[PDB]
């Protein structure tokens, strides 16, 4: 369901999705990705390095973001660039609730000669933003 270039245009705010994130999701990603760093699944290790609880992987959070973008674009193969700077950490307590990633987006650029459209992204946990400059672009 790749959307046509004519549909979207600059200033278009993107529908907010709120992704829940449990400690089990951090264990699964540890194995899937092969990133077995204890800070993402052992609390006592998290506090030694100076953190409250264990935190989500950086690339788990960005990876989730790809889903948030790929759904709206309608086609993963359409995405041309995906760039993110990691400003903060997403703590995920083993409390049976975990945490929530609130994603948002806004088209900031269109090139009608191209089929390119650029989305600025904003991901937050408890209000605090986890990404700095986070954009995506795709041929529509």
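Numbering follows the first chain given and starts at 1.
- For the pair 5-13 and 125-133, the record assigns the higher mean C-alpha temperature factor to 5-13.
- Stretches 115-123 and 20-28 differ in mean CA B factor, with 115-123 having the higher one.
- The residue among 55, 110, 79, 62 whose C-alpha carries the highest B-factor in the deposited model is 110.
- Taking only the listed residues 90, 36, 84, 49, the entry reports the highest CA temperature factor at 49.
- When all modelled residues of the chain are sorted by CA temperature factor, residue 41 is found within the lowest third.
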